[PDB]
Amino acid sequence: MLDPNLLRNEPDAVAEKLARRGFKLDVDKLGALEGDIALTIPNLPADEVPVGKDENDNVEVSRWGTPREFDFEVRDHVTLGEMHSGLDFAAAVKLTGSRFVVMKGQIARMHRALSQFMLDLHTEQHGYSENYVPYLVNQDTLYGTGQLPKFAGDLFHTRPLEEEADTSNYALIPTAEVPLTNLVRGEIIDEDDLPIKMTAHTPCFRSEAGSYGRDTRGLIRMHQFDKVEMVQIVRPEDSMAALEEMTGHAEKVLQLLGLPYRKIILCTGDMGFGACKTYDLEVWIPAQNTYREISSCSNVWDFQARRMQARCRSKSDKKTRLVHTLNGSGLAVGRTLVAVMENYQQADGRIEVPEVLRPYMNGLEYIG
């Protein structure tokens, strides 16, 4: 949520910034500001974020690598996965329903190897601490990171357990951002212990409400996908620099795997609810002849910290202030598997195993 003092003493400045991201603040209602409307207001954009309406106004910052030229017919990841009996979408319908998958054999092992390579890289070289977290969370946690009240329909919710004294309303996590960031809920942190850098590998569950029609086949858009998440808790004055550092950590994954990509900064109209600034990384997908989002890295400013009342304290004076939080994908594992399968395919239908993954796959050089 936003600083209530800014809504008091500068309703004009605030309503204008929010207008740049397409949100009209009822000034009349703004004075009143009752109920939970304060919890439905998105974060203020940083000054340097380009103004725009939708994704067509996003701005490319840089890119790395050149898409490979194919002298044979380019096959998509579903065709490749099914001809090696490694992806089975029909079995997933039988077990559960649509937008789930079963992976088998060498392709399942490559999916596992990707998550292990990412986790090792961030913990051994980038200074992140590894965490194993619950995949179910409670209402206070979802309010803390902003998923509630506005995005309840994006989540899977559990029913109450048939028991005496059980009244648990849990939701499945849509991203490890939720549990990791809430680890500092209600804490007051010594400024000398900052930054806190955490990573986790979790499944992620999303209803994908109102996304039907788009990406109907394949691994791009699923109800369940694996993701290695990075989160940082930092001093307010360090957060813009930490965003550059964290985005670089995600780029390093793509570079070591040899995947061409581009980095874009989102405009005001395309940013997510809680971010004040976001870089997306988009990886080359040969069969779609374009770049597709593979990571989103955001500075959240003090927006989550205020809901969570997570504060830091200086060593000189005992005064406290809100920390800043950041999160970013490093990376979404399912979409990385898509990019590896299509970019490393060979003319005979085999898939070359990227060099850095071979130690995680018992030396295997080719799939198939």
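Start at 1 and count along the sequence shown; that's the residue number.
Mean C-alpha temperature factor, higher of 37-45 and 59-67: According to the PDB entry, the answer is 37-45.
Residue stretch of maximal mean CA temperature factor, 330-338 vs 312-320: Looking at the recorded C-alpha B-factors, 312-320 comes out higher on average.
Could you check 198, 194, 266, 184 and tell me which one carries the biggest Cα B-factor in the deposited entry? In the PDB entry, the greatest C-alpha B-factor among 198, 194, 266, 184 is found at 194.
Based on what the PDB entry reports, which of 293, 251, 120, 190 has the top C-alpha B-factor? Highest C-alpha B-factor among the listed residues goes to 190.
For residue 145, return the chain-relative third of its C-alpha B-factor as stated in the PDB record: lowest, middle or highest. Tercile = middle for this residue's CA B-factor.
Lowest, middle or highest third - CA B-factor, residue 233: Middle third, going by the recorded CA B-factors of the chain.
Using the B-factors in the PDB entry, rank residue 170's C-alpha atom against the chain and give the third, lowest, middle or highest. Tercile = middle for this residue's CA B-factor.
Hey, what third does residue 225 fall into on Cα B-factor, ranked over its chain? Within its chain, residue 225 is a lowest-third residue by C-alpha B-factor, going by the deposited values.
Can you tell me whether residue 160 has a C-alpha B-factor in the lowest, middle or highest third compared with the other modelled residues of the same chain? As the PDB entry reports it, the C-alpha B-factor of residue 160 lands in the highest third of its chain.
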